[PDB]
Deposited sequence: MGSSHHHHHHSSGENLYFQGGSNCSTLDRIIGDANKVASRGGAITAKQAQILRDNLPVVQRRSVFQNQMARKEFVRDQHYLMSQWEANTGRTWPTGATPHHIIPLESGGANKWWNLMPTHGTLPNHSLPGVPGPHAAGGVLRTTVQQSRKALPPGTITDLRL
């Protein structure tokens, strides 16, 4: 299994009822962000600031691209974390109950590390 297969599998164990990462989402995840670059504190604060602004828009786009209602009280969770070089896009979101902490599949990798998620 790829590092991404592990990320999607771990995320589906936590997914809110009716918020699973569908096979279609997983295909779009792999195609649109195969390779990521670890972010700095500053850069991650910048990506988090943009997400907070567009949260409601991105959640509505998740609802439209997966054909599912957003689960009541579910928190928008980043499948690829923003700090790992994740994206603020519907296909990188998944409903979770409560804000769960994030990581990546020991010290954090230095900013600028390139991780090919297909390997």
Next item on the list: Please list, in sequence order, every stretch of the deposited sequence that lacks C-alpha coordinates.
Entry: 1 to 23, 129 to 148
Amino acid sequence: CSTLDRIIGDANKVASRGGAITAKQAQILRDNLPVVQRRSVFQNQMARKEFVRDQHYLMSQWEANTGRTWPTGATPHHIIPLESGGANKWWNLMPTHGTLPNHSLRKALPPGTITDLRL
From here on, numbers count along this sequence of modelled residues.
Next item on the list: Mind pulling up the entry and telling me whether 10 to 18 or 107 to 115 has the higher mean Cα temperature factor?
Entry: 10 to 18
Check: Mean C-alpha B factor from the entry: is it higher for 80 to 88 or for 22 to 30?
Finding: 22 to 30
Note to self: When the deposited Cα B-factors of this chain's modelled residues are ordered and cut into thirds, is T69 in the lowest, the middle or the highest one?
What the structure shows: highest
Checklist line | Third of the chain, ranked by Cα B-factor, where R39 sits | finding: lowest
